[PDB]
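Engineer: Handing over entry_9.pdb, PDB, C-alpha atoms (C1' of nucleotides) and all ligand atoms.
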```
ATOM      1  CA  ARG A  11      68.069 -40.550   3.406  1.00  0.00           C
ATOM      2  CA  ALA A  12      65.328 -40.433   6.139  1.00  0.00           C
ATOM      3  CA  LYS A  13      64.082 -37.340   7.987  1.00  0.00           C
ATOM      4  CA  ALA A  14      61.077 -39.729   8.107  1.00  0.00           C
ATOM      5  CA  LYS A  15      57.563 -38.655   9.193  1.00  0.00           C
ATOM      6  CA  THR A  16      54.769 -41.235   9.917  1.00  0.00           C
ATOM      7  CA  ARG A  17      51.854 -41.801   7.474  1.00  0.00           C
ATOM      8  CA  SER A  18      49.569 -40.641  10.406  1.00  0.00           C
ATOM      9  CA  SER A  19      51.248 -37.162  10.350  1.00  0.00           C
ATOM     10  CA  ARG A  20      51.033 -36.945   6.504  1.00  0.00           C
ATOM     11  CA  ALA A  21      47.221 -37.667   6.676  1.00  0.00           C
ATOM     12  CA  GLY A  22      46.718 -35.271   9.664  1.00  0.00           C
ATOM     13  CA  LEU A  23      45.732 -38.196  11.971  1.00  0.00           C
ATOM     14  CA  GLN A  24      46.325 -39.280  15.617  1.00  0.00           C
ATOM     15  CA  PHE A  25      45.451 -42.967  14.811  1.00  0.00           C
ATOM     16  CA  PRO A  26      48.298 -45.172  13.478  1.00  0.00           C
ATOM     17  CA  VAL A  27      47.916 -45.533   9.647  1.00  0.00           C
ATOM     18  CA  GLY A  28      50.975 -47.863   9.651  1.00  0.00           C
ATOM     19  CA  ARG A  29      49.653 -50.147  12.429  1.00  0.00           C
ATOM     20  CA  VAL A  30      46.202 -50.173  10.635  1.00  0.00           C
ATOM     21  CA  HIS A  31      47.924 -51.126   7.300  1.00  0.00           C
ATOM     22  CA  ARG A  32      49.772 -54.051   8.996  1.00  0.00           C
ATOM     23  CA  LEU A  33      46.522 -55.343  10.705  1.00  0.00           C
ATOM     24  CA  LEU A  34      44.705 -55.308   7.287  1.00  0.00           C
ATOM     25  CA  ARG A  35      47.620 -57.319   5.706  1.00  0.00           C
ATOM     26  CA  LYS A  36      47.813 -59.927   8.547  1.00  0.00           C
ATOM     27  CA  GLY A  37      44.061 -60.047   9.271  1.00  0.00           C
ATOM     28  CA  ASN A  38      43.297 -62.267   6.193  1.00  0.00           C
ATOM     29  CA  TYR A  39      40.850 -59.815   4.447  1.00  0.00           C
ATOM     30  CA  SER A  40      42.330 -59.565   0.914  1.00  0.00           C
ATOM     31  CA  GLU A  41      45.527 -60.636  -0.960  1.00  0.00           C
ATOM     32  CA  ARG A  42      46.486 -56.923  -1.451  1.00  0.00           C
ATOM     33  CA  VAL A  43      45.851 -53.599   0.449  1.00  0.00           C
ATOM     34  CA  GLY A  44      45.832 -50.249  -1.448  1.00  0.00           C
ATOM     35  CA  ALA A  45      47.750 -47.361   0.214  1.00  0.00           C
ATOM     36  CA  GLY A  46      44.563 -45.238   0.811  1.00  0.00           C
ATOM     37  CA  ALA A  47      42.599 -48.004   2.672  1.00  0.00           C
ATOM     38  CA  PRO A  48      44.442 -47.801   6.068  1.00  0.00           C
ATOM     39  CA  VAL A  49      44.473 -43.918   5.980  1.00  0.00           C
ATOM     40  CA  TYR A  50      40.662 -43.926   5.361  1.00  0.00           C
ATOM     41  CA  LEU A  51      40.070 -46.706   7.991  1.00  0.00           C
ATOM     42  CA  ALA A  52      42.397 -44.983  10.568  1.00  0.00           C
ATOM     43  CA  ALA A  53      40.437 -41.733   9.947  1.00  0.00           C
ATOM     44  CA  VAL A  54      37.052 -43.509  10.533  1.00  0.00           C
ATOM     45  CA  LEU A  55      38.209 -45.178  13.766  1.00  0.00           C
ATOM     46  CA  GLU A  56      39.533 -41.714  14.960  1.00  0.00           C
ATOM     47  CA  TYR A  57      36.223 -39.915  14.113  1.00  0.00           C
ATOM     48  CA  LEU A  58      34.077 -42.624  15.841  1.00  0.00           C
ATOM     49  CA  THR A  59      36.411 -42.599  18.923  1.00  0.00           C
ATOM     50  CA  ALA A  60      36.270 -38.742  19.059  1.00  0.00           C
ATOM     51  CA  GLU A  61      32.428 -38.931  18.910  1.00  0.00           C
ATOM     52  CA  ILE A  62      32.161 -41.444  21.849  1.00  0.00           C
ATOM     53  CA  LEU A  63      34.742 -39.505  23.981  1.00  0.00           C
ATOM     54  CA  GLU A  64      32.927 -36.135  23.293  1.00  0.00           C
TER      55      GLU A  64
ATOM     56  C1'  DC B   1     -22.902 -53.553  26.375  1.00  0.00           C
ATOM     57  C1'  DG B   2     -21.497 -51.443  21.920  1.00  0.00           C
ATOM     58  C1'  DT B   3     -19.850 -52.087  17.558  1.00  0.00           C
ATOM     59  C1'  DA B   4     -15.728 -53.595  14.874  1.00  0.00           C
ATOM     60  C1'  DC B   5     -14.941 -56.979  12.146  1.00  0.00           C
ATOM     61  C1'  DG B   6     -16.167 -61.274   9.177  1.00  0.00           C
ATOM     62  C1'  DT B   7     -19.162 -62.996   5.515  1.00  0.00           C
ATOM     63  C1'  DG B   8     -21.264 -62.899   1.162  1.00  0.00           C
ATOM     64  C1'  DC B   9     -23.170 -60.967  -2.540  1.00  0.00           C
ATOM     65  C1'  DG B  10     -22.869 -57.947  -7.211  1.00  0.00           C
ATOM     66  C1'  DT B  11     -19.900 -54.580  -9.733  1.00  0.00           C
ATOM     67  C1'  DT B  12     -15.352 -52.923 -11.168  1.00  0.00           C
ATOM     68  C1'  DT B  13     -10.623 -53.165 -11.900  1.00  0.00           C
ATOM     69  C1'  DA B  14      -6.157 -54.194 -13.480  1.00  0.00           C
ATOM     70  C1'  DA B  15      -3.022 -58.302 -13.012  1.00  0.00           C
ATOM     71  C1'  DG B  16      -1.370 -61.734 -15.850  1.00  0.00           C
ATOM     72  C1'  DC B  17      -0.458 -63.595 -20.054  1.00  0.00           C
ATOM     73  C1'  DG B  18       1.755 -64.041 -24.630  1.00  0.00           C
ATOM     74  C1'  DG B  19       3.621 -61.442 -27.993  1.00  0.00           C
ATOM     75  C1'  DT B  20       6.467 -57.974 -30.394  1.00  0.00           C
ATOM     76  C1'  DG B  21       9.982 -54.394 -30.911  1.00  0.00           C
ATOM     77  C1'  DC B  22      13.984 -51.593 -29.291  1.00  0.00           C
ATOM     78  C1'  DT B  23      18.386 -50.871 -27.247  1.00  0.00           C
ATOM     79  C1'  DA B  24      20.748 -49.875 -22.444  1.00  0.00           C
ATOM     80  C1'  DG B  25      24.094 -51.761 -20.491  1.00  0.00           C
ATOM     81  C1'  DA B  26      25.925 -56.279 -18.590  1.00  0.00           C
ATOM     82  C1'  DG B  27      29.860 -58.469 -19.301  1.00  0.00           C
ATOM     83  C1'  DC B  28      33.632 -60.291 -22.167  1.00  0.00           C
ATOM     84  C1'  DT B  29      38.494 -59.642 -24.483  1.00  0.00           C
ATOM     85  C1'  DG B  30      42.991 -57.719 -25.063  1.00  0.00           C
ATOM     86  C1'  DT B  31      46.368 -54.247 -23.911  1.00  0.00           C
ATOM     87  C1'  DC B  32      49.561 -51.810 -20.843  1.00  0.00           C
ATOM     88  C1'  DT B  33      51.348 -49.588 -16.878  1.00  0.00           C
ATOM     89  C1'  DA B  34      50.383 -47.590 -12.196  1.00  0.00           C
ATOM     90  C1'  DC B  35      50.496 -49.567  -7.956  1.00  0.00           C
ATOM     91  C1'  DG B  36      51.351 -52.784  -4.422  1.00  0.00           C
ATOM     92  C1'  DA B  37      54.339 -56.808  -2.789  1.00  0.00           C
ATOM     93  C1'  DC B  38      58.837 -57.802  -1.315  1.00  0.00           C
ATOM     94  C1'  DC B  39      63.302 -56.668   0.432  1.00  0.00           C
ATOM     95  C1'  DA B  40      67.182 -54.646   3.274  1.00  0.00           C
ATOM     96  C1'  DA B  41      68.753 -51.053   6.057  1.00  0.00           C
ATOM     97  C1'  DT B  42      67.569 -47.440   9.264  1.00  0.00           C
ATOM     98  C1'  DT B  43      65.652 -45.488  13.545  1.00  0.00           C
ATOM     99  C1'  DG B  44      62.025 -43.414  16.356  1.00  0.00           C
ATOM    100  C1'  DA B  45      57.281 -44.503  18.047  1.00  0.00           C
ATOM    101  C1'  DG B  46      55.386 -47.188  21.522  1.00  0.00           C
ATOM    102  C1'  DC B  47      56.233 -50.778  24.594  1.00  0.00           C
ATOM    103  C1'  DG B  48      56.935 -52.287  29.794  1.00  0.00           C
ATOM    104  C1'  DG B  49      58.501 -50.759  33.974  1.00  0.00           C
ATOM    105  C1'  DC B  50      58.329 -47.503  37.680  1.00  0.00           C
ATOM    106  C1'  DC B  51      57.158 -43.576  40.658  1.00  0.00           C
ATOM    107  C1'  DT B  52      53.764 -39.728  42.366  1.00  0.00           C
ATOM    108  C1'  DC B  53      50.185 -37.127  44.061  1.00  0.00           C
ATOM    109  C1'  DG B  54      45.391 -35.652  43.181  1.00  0.00           C
ATOM    110  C1'  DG B  55      40.766 -37.735  42.013  1.00  0.00           C
ATOM    111  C1'  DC B  56      37.488 -40.157  44.051  1.00  0.00           C
ATOM    112  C1'  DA B  57      35.600 -43.599  47.280  1.00  0.00           C
ATOM    113  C1'  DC B  58      33.796 -43.534  51.750  1.00  0.00           C
ATOM    114  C1'  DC B  59      32.201 -41.347  55.814  1.00  0.00           C
ATOM    115  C1'  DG B  60      29.379 -38.375  58.986  1.00  0.00           C
ATOM    116  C1'  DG B  61      26.350 -34.617  59.451  1.00  0.00           C
ATOM    117  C1'  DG B  62      22.830 -31.726  58.112  1.00  0.00           C
ATOM    118  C1'  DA B  63      19.359 -30.006  54.569  1.00  0.00           C
ATOM    119  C1'  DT B  64      15.703 -31.450  51.719  1.00  0.00           C
ATOM    120  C1'  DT B  65      12.188 -34.152  49.570  1.00  0.00           C
ATOM    121  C1'  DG B  66       8.622 -37.297  49.329  1.00  0.00           C
ATOM    122  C1'  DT B  67       5.207 -40.587  51.613  1.00  0.00           C
ATOM    123  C1'  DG B  68       1.453 -42.115  54.490  1.00  0.00           C
ATOM    124  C1'  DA B  69      -1.660 -41.667  58.298  1.00  0.00           C
ATOM    125  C1'  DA B  70      -5.409 -39.443  60.268  1.00  0.00           C
ATOM    126  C1'  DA B  71      -9.011 -36.087  60.343  1.00  0.00           C
ATOM    127  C1'  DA B  72     -12.208 -33.319  57.758  1.00  0.00           C
ATOM    128  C1'  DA B  73     -14.286 -31.485  53.709  1.00  0.00           C
ATOM    129  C1'  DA B  74     -16.292 -31.854  48.759  1.00  0.00           C
ATOM    130  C1'  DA B  75     -18.694 -34.727  45.798  1.00  0.00           C
ATOM    131  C1'  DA B  76     -20.669 -38.301  43.698  1.00  0.00           C
ATOM    132  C1'  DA B  77     -23.448 -41.825  44.742  1.00  0.00           C
ATOM    133  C1'  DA B  78     -27.120 -44.429  46.386  1.00  0.00           C
ATOM    134  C1'  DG B  79     -31.571 -45.651  48.255  1.00  0.00           C
ATOM    135  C1'  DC B  80     -35.932 -43.493  49.322  1.00  0.00           C
ATOM    136  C1'  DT B  81     -40.198 -40.909  48.329  1.00  0.00           C
ATOM    137  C1'  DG B  82     -44.916 -39.436  46.500  1.00  0.00           C
ATOM    138  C1'  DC B  83     -46.860 -37.650  42.408  1.00  0.00           C
ATOM    139  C1'  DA B  84     -48.292 -37.485  37.954  1.00  0.00           C
TER     140       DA B  84
HETATM  141 CA    CA C   1     -15.940 -51.403  22.977  1.00  0.00          CA
HETATM  142 CA    CA C   2      30.929 -50.795 -20.315  1.00  0.00          CA
HETATM  143 CA    CA C   3      52.632 -46.647  30.729  1.00  0.00          CA
HETATM  144 CL    CL C   4      43.657 -47.271  -2.030  1.00  0.00          CL
END
```
Kindly present the structure from the file in structure tokens form.
Structural biologist:
Amino acid sequence: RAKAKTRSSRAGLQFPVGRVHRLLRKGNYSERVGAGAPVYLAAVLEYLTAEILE
DNA sequence: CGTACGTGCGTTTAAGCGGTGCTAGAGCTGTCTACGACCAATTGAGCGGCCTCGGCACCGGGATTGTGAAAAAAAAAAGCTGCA
């Protein structure tokens, strides 16, 4: 059991896929959230952040 | 003061209409399982709290840049002439 690594690390991301998945669930957007959606969204928020900081 | 626009004609154009004919594809039904919710147990990422030391705010001094006044030139401008 375990030897757990974060969804962020699996997707090659700094931004928290897991936090993003929980905010989509609790943010009243849809009944269900596919497993790709928070990876994609976390990626987009990382890219945009990187661009503004550059 | 100069001419770009508005009006009003005659000539030309293609929108609109009503109709027909063809089928792409919108959208519906039924089936089945891949995927996401839910759960319980596990644990490590990220939280607040705390301490430090180097960036940056602020200062004074000096270098630098830009502005405005006055004087003097360059130039357009204006009023003034006789001719033609
Ligand atoms: Ca004019
Ligand atoms: Ca179809
Ligand atoms: Ca902190
Ligand atoms: Cl998905």
Engineer: May I ask for the distance between CA of residue 15 (chain A) and CA of residue 45 (chain A), given in Å to one decimal place?
Structural biologist: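 Value for the CA of residue 15 (chain A)-CA of residue 45 (chain A) distance: 15.9 Å.
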Engineer: State, in Å with one decimal place, the distance from atom CA of ligand CA 3 (chain C) to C1' of residue 46 (chain B).
Structural biologist: 9.6 Å
Engineer: Kindly work out which residues sit at most 10 Å from ligand CA 2 (chain C), using only C-alpha atoms (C1' of nucleotides) and all ligand atoms, and give the list as an NGL selection string.
Structural biologist: :B and (25-27)
Engineer: Decode the PyMOL selection byres ((chain A) within 12 of (chain B)) for the given file into explicit residues and return them as a PyMOL selection string.
Structural biologist: chain A and resi 11-16+18+26+28-29+35+41-46
Engineer: If I take CA of residue 59 (chain A) and CA of residue 38 (chain A), how far is one from the other in Å, to one decimal?
Structural biologist: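 Computed distance, CA of residue 59 (chain A) to CA of residue 38 (chain A), equals 24.4 Å.
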Engineer: Distance table requested - chain B against ligand CA 3 (chain C), cut-off 10 Å, all atoms listed in the file: one row per qualifying residue with the closest atom pair and its distance in Å to one decimal, ordered by chain and rising residue number, as a Markdown table.
Structural biologist:
```
| residue | atom | partner | partner_atom | distance |
| --- | --- | --- | --- | --- |
| B:46 | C1' | C:CA3 | CA | 9.6 |
| B:47 | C1' | C:CA3 | CA | 8.2 |
| B:48 | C1' | C:CA3 | CA | 7.2 |
| B:49 | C1' | C:CA3 | CA | 7.9 |
| B:50 | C1' | C:CA3 | CA | 9.0 |
```
Engineer: Please identify every polymer residue within 12 Å of ligand CA 1 (chain C), using all atoms listed in the file, and present the set as a PDB file with C-alpha atoms (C1' of nucleotides), in the coordinates of the input.
Structural biologist:
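What follows is the written file out.pdb:
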```pdb
ATOM      1  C1'  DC B   1     -22.902 -53.553  26.375  1.00  0.00           C
ATOM      2  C1'  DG B   2     -21.497 -51.443  21.920  1.00  0.00           C
ATOM      3  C1'  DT B   3     -19.850 -52.087  17.558  1.00  0.00           C
ATOM      4  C1'  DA B   4     -15.728 -53.595  14.874  1.00  0.00           C
TER       5       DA B   4
END
```
Engineer: Using only C-alpha atoms and all ligand atoms, pick whichever of A:47, A:63, A:52, A:21 has the shortest atom-to-atom distance to ligand CL 4 (chain C).
Structural biologist: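 Ranking A:47, A:63, A:52, A:21 by distance to ligand CL 4 (chain C), first place goes to A:47.
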Engineer: When distances are computed from all atoms listed in the file, which of A:50, A:24, A:40, A:34 shows the smallest separation from ligand CL 4 (chain C)?
Structural biologist: A:50
Engineer: Nearest to ligand CL 4 (chain C): which of A:31, A:62, A:39, A:55 is it, counting all atoms listed in the file?
Structural biologist: A:31
Engineer: For a quick check of understanding, using all atoms listed in the file, which of A:64, A:56, A:48, A:32 has the smallest distance to ligand CL 4 (chain C)?
Structural biologist: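 Looking only at the distances to ligand CL 4 (chain C), the closest residue turns out to be A:48.
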